[PDB]
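Beneath this line is the structure, given in structure tokens, with notes to follow.
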Amino acid sequence: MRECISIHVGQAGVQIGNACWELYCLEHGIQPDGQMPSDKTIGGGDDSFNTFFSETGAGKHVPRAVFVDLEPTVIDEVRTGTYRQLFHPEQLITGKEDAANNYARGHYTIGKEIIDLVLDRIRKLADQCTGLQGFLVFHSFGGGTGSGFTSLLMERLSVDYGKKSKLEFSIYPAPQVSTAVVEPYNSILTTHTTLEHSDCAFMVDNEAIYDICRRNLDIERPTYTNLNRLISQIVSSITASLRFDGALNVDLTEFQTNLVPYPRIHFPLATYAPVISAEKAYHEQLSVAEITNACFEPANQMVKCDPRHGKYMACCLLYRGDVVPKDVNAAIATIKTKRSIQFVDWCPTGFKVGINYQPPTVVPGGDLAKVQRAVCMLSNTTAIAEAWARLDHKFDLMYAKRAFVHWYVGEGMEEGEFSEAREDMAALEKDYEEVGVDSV
Amino acid sequence: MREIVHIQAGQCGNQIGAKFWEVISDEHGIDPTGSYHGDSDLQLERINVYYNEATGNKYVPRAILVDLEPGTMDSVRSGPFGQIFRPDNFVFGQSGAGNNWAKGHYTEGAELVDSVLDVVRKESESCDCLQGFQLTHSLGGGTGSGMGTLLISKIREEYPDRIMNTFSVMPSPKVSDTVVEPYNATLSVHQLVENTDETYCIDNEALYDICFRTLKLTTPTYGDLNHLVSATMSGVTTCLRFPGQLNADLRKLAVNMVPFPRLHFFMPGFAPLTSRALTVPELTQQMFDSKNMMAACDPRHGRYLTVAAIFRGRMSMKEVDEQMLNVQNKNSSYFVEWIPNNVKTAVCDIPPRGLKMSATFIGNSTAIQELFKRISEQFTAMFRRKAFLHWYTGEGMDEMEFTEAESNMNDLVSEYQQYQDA
Ligand SMILES: Nc1nc2c(ncn2[C@@H]2O[C@H](COP(=O)(O)OP(=O)(O)OP(=O)(O)O)[C@@H](O)[C@H]2O)c(=O)[nH]1
Ligand SMILES: Nc1nc2c(ncn2[C@@H]2O[C@H](COP(=O)(O)OP(=O)(O)O)[C@@H](O)[C@H]2O)c(=O)[nH]1
Ligand SMILES: [Ca+2]
Ligand SMILES: [Ca+2]
Ligand SMILES: [Mg+2]
Ligand SMILES: [Mg+2]
């Protein structure tokens with residue numbers, strides 16, 4: 001009961017998937033062959049970790065996950081790497097030819113050829129669930145598969161699973177590690193087509209993660225591996241309430257009630273602390289107050305924007321590790337007596353808190369210090385729309401001259417789809433302005 | 001007028017309900033296995049009001065446990081007295097209600113309610129003469145609030161001539177789970193105004209303040225809140241549970257407490273407040289003190305329509321009568337003059353566990369309007385921008401139903417104000 005199915009789409013989706021599932025395994029005591037000695041009920045159970053792992057009679061704990069990509073070389077690494085026994089082969093699905101950084105090929109030309117198979121395999125996961133809660137979909141905005149195949153899949157999932165919850169982890173593009181000039185097109189197309197099919201979406205700005213790696217972990221030139229390890233800690237923090245139990249534990253769905261005041265306003269800002277090197281963490285114990293303080297430092301946000309220049313509609317603090325409410329409450333009181341935390345006039349200002357007692361883990365050979373306590377803040381702030389503004393502007397620059405548009409038109413798309421997607425984005429930025437204006 | 005059927009719904013409802021059964025079972029000498037081991041016959045004389053007698057001189061709570069998810073009732077069943085409850089009286093779904101009144105009332109709850117009523121009917125069927133029902137629940141969540149009020153409606157339809165009584169926990173931002181609590185509470189209050197005879201307004205605002213200000217609890221937990229609630233619940237049911245003259249059943253209580261049918265929302269109070277010797281004068285002063293009230297309303301801001309006072313322990317009845325008269329005679333302005341002799345007092349020899357003596361206060365005060373005004377303000381701050389409504393319209397509700405619930409709760413407020421000035 002309460003199963004969650006993860007779907008990792010395209011390179012970014014898949015590689016972030018690798019990092020998350022490795023991390024989950026370590027958090028839960030699951031070996032790379034899928035065995036979990038601590039689990040005494042063989043071949044099934046209703047433990048909290050079962051929301052993310054099914055079990056075979058032979059004692060294997062198998063991620064409720066599908067990996068999909070239109071070319072094979074990234075998933076081939078999963079097939080042949082360290083956690084290859086973790087996954088049944090049918091959970092890892094590949095085409096022969098990718099979307100070539102083109103939303104149209106991901107959604108139509110190439111995507112249409114593998115979509116029924118993907119849904120077949122997701123259906124196989126669903127049928128093993130006694131109370132499926134919904135899906136978590138991981139993907140880039142910028143890639144052809146991450147953008148166009150994800151959109152197609154989300155549209156088909158609404159049809160096939162009705163209103164079952166769909167949450168995204170969406171990788172927003174940064175010039176430091178982007179690989180296509182047309183990513184702004186792909187980002188707007190997929191955001192427009194997915195918007196009505198997603199209940200909640202956590203954007204991860206590659207530039208924010210890149211900066212955090214450079215600045216807080218002293219990594220000269222971060223690789224995807226560096227980025228993904230940090231992303232996985234954040235993803236882990238958000239899903240921990242689903243995977244562990246606890247008296248002070250608060251379900252992600254409960255935070256969602258507070259995070260989403262209107263269906264379209266469904267993009268929380270995540271902020272994570274502490275991100276600190278082993279070198280800096282040694283003999284330096286960061287207190288509940290210190291990590292909570294860090295949540296209101298914009299440098300620690302997963303999306304670049306300035307909440308101090310916007311308005312809050314919700315603030316949620318998801319703690320893990322050695323943390324009790326007394327200390328949280330005191331930390332919050334201080335922060336209120338000293339910060340630019342302004343709420344819209346129609347929302348209560350109380351911070352919503354959950355605590356999972358299981359301490360954070362790190363992957364061997366990684367950059368993050370192992371710490372006793374960590375926190376992820378999820379806020380609903382009007383400032384997140386800055387990310388849409390930056391992207392919409394880049395789209396406008398190119399689209400005005402119709403730069404690269406022939407690549408999409410050649411794959412069957414119409415200019416009408418571009419203008420329609422861009423207008424939806426204009427309306428979304430307007431939605432974020434409106435919700436911040438005072439009541440009359 | 002003998003048997004009461006108890007129902008507890010949703011997380012809050014079940015947690016406070018479980019504590020209520022633990023507490024009164026101890027008071028009546030019933031151990032966790034339903035065996036009696038007391039030393040007084042006062043304990044068993046009216047035990048049938050709350051317990052069925054099974055085989056082997058076993059006593060079984062006449063209690064039905066309801067939820068739309070299993071979690072809290074798994075905990076109840078694991079709880080100290082969890083084995084005393086009748087296993088078939090645990091009725092639960094798997095879906096949860098997501099703090100959503102619409103889910104509890106119209107969709108998820110709809111699917112489960114019939115099976116609850118099958119159990120209620122089986123309970124009522126063995127009653128020699130059912131008085132009515134008591135429901136424990138919160139108003140801020142989904143199951144206790146939305147499904148709890150659905151139940152009350154269906155129960156009324158099936159037992160329209162029986163008394164409906166609730167212990168209803170009112171939400172507060174100070175002790176809040178979600179932002180939609182004001183919505184769920186306003187929707188529920190309209191149900192309560194129409195379909196209960198007597199409602200104890202238990203305000204999480206008041207409970208928190210008492211824990212913080214008075215009991216010196218820096219960081220009050222729901223458990224600390226529930227200590228106060230279970231102590232209060234024991235107090236207000238003393239007259240139903242032990243031999244006595246006044247308010248000895250639910251209908252006579254309603255007749256003594258409710259001068260106009262809609263105005264049936266009571267502010268409870270308790271003394272001494274607990275987390276070694278109290279005089280009758282001190283009990284009396286503390287029981288009437290705003291700081292001892294479980295609804296966060298200033299009783300000097302309104303008037304008392306009716307009051308019931310219950311004193312427990314060995315003490316001078318002469319002194320009790322003197323002190324109760326002294327309260328009325330020295331603060332006579334706060335008691336409406338158009339209901340003569342509107343304060344009734346009971347005394348019960350058995351004190352609650354851990355105290356030599358105690359007092360419980362049940363007030364029907366026009367000041368209760370402050371609690372509804374507070375909910376009404378919170379409701380409106382959001383509803384004016386239709387904020388968070390999609391959670392409800394997604395379950396098939398429309399805005400008009402919100403407008404109506406709001407109007408009826410504002411009507412209730414205006415009605416208290418009317419008798420405050422009369
Ligand atoms: N954080 C992070 N970003 C990634 C990773 N891999 C690719 N990206 C980003 O994702 C975007 C490119 O999309 P991809 O996921 O590689 O492409 P795809 O979904 O496989 O689509 P096609 O190759 O066109 O079929 C760029 O913005 C990259 O910087 C990764 O492992 N981690
Ligand atoms: N006093 C008290 N209040 C509670 C408890 N549990 C939840 N609440 C309150 O009840 C409301 C949440 O509703 P809840 O009963 O948990 O949801 P439900 O299971 O859908 O009925 C909020 O106002 C909480 O503050 C409890 O054990 N004691
Ligand atoms: Ca197991
Ligand atoms: Ca169902
Ligand atoms: Mg690719
Ligand atoms: Mg709850």
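Here is how the numbers come out for the structure above:
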quantity: Residues being within 14 Å of chain A (Cβ to nearest Cβ) and more than 25 Å from the chain's Cα centre (by Cα) - total across segment B:377-420; calculated: 18
quantity: Residue in segment B:322-335 that is part of a strand (DSSP E or B), surrounded by fewer than 22 Cβ atoms within 10 Å (Cβ to Cβ) and hydrophobic (A, V, I, L, M, F, W, C) present; calculated: yes
quantity: Failed criterion for A:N18 (all others in (1) under 30 Å from B:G71 (Cα atoms); (2) touching a strand residue (DSSP E or B) at 6+ places or on another chain (Cβ under 9 Å) hold); calculated: (1)
quantity: Yes/no for B:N341 being away from chain A (no Cβ under 14 Å) and part of a helix (DSSP H, G or I); calculated: no
quantity: Segment A:45-81 - residue that is more than 14 Å from chain B (Cβ to nearest Cβ) and exposed (fewer than 13 other Cβ atoms within 10 Å of the Cβ) and, of those, nearest to ligand 6 (Cβ to nearest atom); calculated: A:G57
quantity: Pair list, Cβ under 6 Å, 6 or more apart: segment A:1-19 residue assigned by CATH to the domain that holds A:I231, other residue within 16 Å of ligand 4 (Cβ to nearest atom) and outside any helix (DSSP H, G or I); calculated: A:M1/A:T130; A:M1/A:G131; A:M1/B:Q94; A:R2/A:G131; A:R2/A:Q133; A:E3/A:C129; A:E3/A:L132; A:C4/A:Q133
quantity: Answer from B:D114, B:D161, B:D128 - the residue that is within 16 Å of ligand 4 (Cβ to nearest atom) and among the acidic types (D, E); calculated: B:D114
quantity: Single match in B:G17, B:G34 (criterion: within 16 Å of ligand 2 (Cβ to nearest atom) and either buried (at least 24 other Cβ atoms within 10 Å of the Cβ) or under 26 Å from B:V116 (Cα atoms) (or both)); calculated: B:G17
quantity: Pair list, Cβ under 6 Å, 6 or more apart: segment B:329-348 residue closer than 21 Å to B:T360 by Cβ, other residue part of a loop (DSSP other than H, G, I, E, B) and small (G, A, S); calculated: B:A346/B:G244
quantity: Candidate set from segment B:73-130 (those that are among the hydroxyl-bearing types (S, T, Y) and closer than 13 Å to B:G10 by Cα); member that is farthest from ligand 1 (Cβ to nearest atom); calculated: B:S75
quantity: Of all residues making up segment A:299-341, the number that are away from every other protein chain (no Cβ under 14 Å), part of a helix (DSSP H, G or I) and buried (at least 16 other Cβ atoms within 10 Å of the Cβ); calculated: 3
quantity: Test: B:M164 is in a strand (DSSP E or B), touching a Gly at 6+ places or on another chain (Cβ under 9 Å) and either more than 14 Å from every other protein chain (Cβ to nearest Cβ) or surrounded by 24 or more Cβ atoms within 10 Å (Cβ to Cβ) (or both); calculated: yes
quantity: The one condition in (1) touching an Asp or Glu at 6+ places or on another chain (Cβ under 6 Å); (2) within 27 Å of A:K166 (Cβ to Cβ); (3) not aromatic (F, W, Y) that A:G43 fails to fulfil; calculated: (2)
quantity: Residue tally, condition within 12 Å of chain A (Cβ to nearest Cβ) and more than 23 Å from the chain's Cα centre (by Cα), over segment B:75-95; calculated: 3
quantity: Options A:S151, A:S187, A:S158; residue that is within 24 Å of A:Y108 (Cα to Cα), in a helix (DSSP H, G or I) and touching a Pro at 6+ places or on another chain (Cβ under 7 Å); calculated: A:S187
quantity: Filter pass, A:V62 being touching a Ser or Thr at 6+ places or on another chain (Cβ under 8 Å), away from ligand 5 (no atom under 16 Å from the Cβ) and either under 30 Å from A:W407 (Cα atoms) or not assigned by CATH to the domain that holds A:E3 (or both); calculated: no
quantity: Per-region count, segment A:10-65, residues outside any loop (DSSP other than H, G, I, E, B), of a type in the set (S, T, N, Q) and under 30 Å from A:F149 (Cβ atoms); calculated: 6
quantity: Subset of segment A:1-19 [under 13 Å from the mean Cα position of the chain (by Cα) and within 16 Å of ligand 5 (Cβ to nearest atom)]; calculated: A:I7, A:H8, A:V9, A:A12, A:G13, A:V14, A:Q15, A:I16, A:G17
quantity: Test for B:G354: is it closer than 26 Å to B:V169 by Cα and surrounded by fewer than 16 Cβ atoms within 10 Å (Cβ to Cβ); calculated: yes
quantity: Selection from segment A:117-148 of residues that are under 17 Å from the mean Cα position of the chain (by Cα) and surrounded by 24 or more Cβ atoms within 10 Å (Cβ to Cβ); calculated: A:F135, A:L136, A:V137, A:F138, A:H139, A:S140, A:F141, A:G142, A:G143, A:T145, A:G146, A:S147
quantity: Filter result for the condition that a residue is within 16 Å of ligand 6 (Cβ to nearest atom) and assigned to a helix (DSSP H, G or I), over A:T225, A:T292, A:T239, A:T253; calculated: A:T253
quantity: Residues (of a type in the set (A, V, I, L, M, F, W, C) and more than 25 Å from B:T199 (Cβ to Cβ)) located in segment B:325-346; calculated: B:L325
quantity: Index of the failed condition, A:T130 passing every other in (1) within 16 Å of ligand 4 (Cβ to nearest atom); (2) assigned to a strand (DSSP E or B); calculated: (2)
quantity: Of all residues making up segment A:388-413, the number that are surrounded by 11 or more Cβ atoms within 10 Å (Cβ to Cβ) and closer than 16 Å to A:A104 by Cβ; calculated: 14
quantity: Matching entry among A:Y161, A:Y172 (being surrounded by fewer than 22 Cβ atoms within 10 Å (Cβ to Cβ) and of a type in the set (F, W, Y)); calculated: A:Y161
quantity: Residue match in segment A:104-123 (condition: more than 30 Å from A:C305 (Cα to Cα), touching a helix residue (DSSP H, G or I) at 6+ places or on another chain (Cβ under 6 Å) and part of a loop (DSSP other than H, G, I, E, B)); calculated: no
quantity: Selection count, segment B:228-238, where residues are within 17 Å of B:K174 (Cβ to Cβ) and away from ligand 6 (no atom under 16 Å from the Cβ); calculated: 1
quantity: Qualifying positions in segment A:280-289 - farther than 12 Å from A:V371 by Cβ, aliphatic (A, V, I, L, M) and part of a loop (DSSP other than H, G, I, E, B); calculated: none
quantity: Any hit, segment B:179-195, residues being closer than 20 Å to B:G10 by Cα, of a type in the set (S, T, Y), outside the structural domain of B:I375 (by CATH) and out of contact with any strand residue (DSSP E or B) (no Cβ under 8 Å at 6 or more places or on another chain); calculated: yes
quantity: Top-ranked residue of segment B:184-219 - restricted to ones that are over 20 Å from the mean Cα position of the chain (by Cα) and assigned to a helix (DSSP H, G or I), ranked as farthest from the other protein chains (Cβ to nearest Cβ); calculated: B:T214
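All of this is worked out from the model, or read from it or from the source named; these are not laboratory values. So basically every Cβ, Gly included, is an ideal-geometry build from the backbone, and we count neighbours across all protein chains shown.
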